[PDB]
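A quick note on method: Cβ atoms are made from the backbone with ideal geometry, for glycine too, and the neighbour counts reach across all protein chains shown. Since every read-out is calculated from the coordinates, none of them should be taken as a lab result.
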Amino acid sequence: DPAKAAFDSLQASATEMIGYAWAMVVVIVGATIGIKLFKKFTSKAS
Amino acid sequence: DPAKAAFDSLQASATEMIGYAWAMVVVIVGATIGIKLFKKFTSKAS
Amino acid sequence: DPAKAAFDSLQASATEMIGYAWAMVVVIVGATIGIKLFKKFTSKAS
Amino acid sequence: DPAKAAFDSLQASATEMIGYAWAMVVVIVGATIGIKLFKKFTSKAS
Amino acid sequence: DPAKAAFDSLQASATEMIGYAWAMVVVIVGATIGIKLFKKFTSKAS
Amino acid sequence: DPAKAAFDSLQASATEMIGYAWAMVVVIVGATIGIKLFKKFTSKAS
Amino acid sequence: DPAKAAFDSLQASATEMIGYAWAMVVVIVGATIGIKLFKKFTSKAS
Amino acid sequence: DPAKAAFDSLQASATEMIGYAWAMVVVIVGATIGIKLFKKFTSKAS
Amino acid sequence: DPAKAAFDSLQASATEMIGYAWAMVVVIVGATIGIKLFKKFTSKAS
Amino acid sequence: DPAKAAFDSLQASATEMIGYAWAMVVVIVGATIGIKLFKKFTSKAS
Amino acid sequence: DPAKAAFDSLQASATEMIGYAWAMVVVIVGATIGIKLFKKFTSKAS
Amino acid sequence: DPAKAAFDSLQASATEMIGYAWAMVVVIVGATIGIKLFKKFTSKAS
Amino acid sequence: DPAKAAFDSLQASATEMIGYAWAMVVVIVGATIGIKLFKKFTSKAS
Amino acid sequence: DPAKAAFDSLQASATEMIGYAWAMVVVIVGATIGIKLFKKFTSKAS
Amino acid sequence: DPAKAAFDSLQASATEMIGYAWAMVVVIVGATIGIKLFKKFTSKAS
């Protein structure tokens, strides 16, 4: 069955991209939250 | 009746593909919603 | 009348095929609408 | 009538999904409002 | 006139399906608007 | 002239069918537009 | 002219729905503004 | 020339329908913009 | 040559119809684009 | 060339609508900014 | 070769229309972006 | 029977072409879906 | 063999037309994509 | 077998075009995401 | 190969537009951030 194999391959490609997307999100969000806390704690400290 | 058998076969093939489609959708949607909640809760928490 | 009998048989065959077609349509459309609602409600819920 | 039965089934499936969506919404919103009040009352108390 | 009768029947079938479609729309839209208001009022209340 | 009469009859039959077609179109289009506006205004109102 | 009548009916249906939409908007907006002022004046008063 | 007359009639019918379409658009758009401004000014005023 | 004359006449008739077709297109397209811009600018303005 | 004339007319219609849109924007924005400054200066003055 | 000449003419007509299309786009987009910036800067300024 | 052999050969040729068609489809669809997901996940990630 | 020569000539004519078709496609598609990107980047930039 | 060779060639051409498409996508998406992050980080930084 | 050349040209056009878009963004963002800092520092200074 040609269809069975095809869908398997598609689903594997998708799984890989999702992997790459998670990596990126973690970097960008890391920095957004980083800057937010730096602004907040500096104010409270002083 | 040749037609009866033919339609049966077609309907079985279709049933199988629908199976494969559901698998894929669950993966892709899983990740979309995953990233959305991660962005949202991280913000509220901080 | 040979013609009368012939048309009757043709009309019966057609009636049967229409039956098989309805079965198939209900399956395919079932899945199309299924996936559409799953995508829509998941988004609104989150 | 094939159509009557078909629409009934579709409408039942939809009713079930709506059920699942309400469950999810209640969890997510529960937490959003939870965190908001915790932040607010802690501040006023101190 | 065979045509007159035929068109009458078609138009009756269509009228019935439109009936079933209205039922479905009312359910789906009911839930979409329901969730939207629940999200909105909960926020304003808190 | 046999032809003159024949064409007259054909043209009358056609005129009648066009009549029946207009009736049907008005029903189907009525519902399509109906549902579209219901979806649109409900959203804006809420 | 079948078209003239058809458009008239469509335009009447639309006019009615707009009526129902205005009713809903007035209720929802009434409450949103109500809560906003209650929050604001209570604070200033105390 | 049969064609000349025919095209003239078609073009007149089209001109009339365009007339009816403009009437409808003005009503629907009138209400959409109406509701949008009511929501916006009420908020700013309060 | 009978053929030469015949083709000339055909080609003239065609040229005339193309003329009538251009007139119609300009009217219909005029209105389609008209309504599209009215919808678009009204939204942006408000 | 039928096309040249057609595009000219379309472009003139568009130019006119843009004119009407600018008029509206100036009114709405005038009021939004008006209310904003009234709220701001009254507070600072008192 | 009749074909060579024909394609040349078609390609020239197309080139001219593309010219007219660019003119229109520049006008419409000019205004869309114009209104967007006016709304944005007025807000920031005040 | 010359006919029996002939139909067998035709049916074999067809079976082979279907094979080649499946190969091509899998490549083209692979890329279409690939690009679609790349566009979608990149947006959500950022 | 008269047939051999004939097919050769036909195949040459076809090859030439395909050449002219490619030229045209490149112009039309050039403009379609051009306008699409102009609309997209102008929006993002502003 | 003429068909076998033909399909092979088609599939090779397609493979090459897909190559060129990927190149273009990477450029366009590169810039879209670039501008988005520049807008976002500049705001948070200031 | 006509396709190879075509894609090259498209990709060059795109590269140029991206250039123009970056220029615009730098101007608009320059001013937005400019005004924001002027408002902020003036307040803190006084």
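Tabulated results
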{"quantity": "Pairs with Cβ under 7 Å, 6+ apart, first in region F:27-46 and over 18 Å from E:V27 (Cβ atoms), second of a type in the set (S, T, N, Q)", "calculated": "F:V27/E:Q11; F:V27/E:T15; F:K44/H:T32"}
{"quantity": "Some residue of region B:4-14 being under 17 Å from A:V25 (Cα atoms) and part of a helix (DSSP H, G or I)", "calculated": "no"}
{"quantity": "Members of chain N that are among the aromatic types (F, W, Y) and either within 30 Å of A:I35 (Cβ to Cβ) or surrounded by fewer than 12 Cβ atoms within 10 Å (Cβ to Cβ) (or both)", "calculated": "N:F38, N:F41"}
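Conditions (1) within 12 Å of chain L (Cβ to nearest Cβ); (2) farther than 30 Å from L:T15 by Cα, marked per residue:
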residue	(1), (2)
A:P2	yes, no
A:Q11	yes, no
A:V27	yes, yes
A:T32	yes, yes
A:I35	no, yes
A:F38	no, yes
A:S46	no, yes
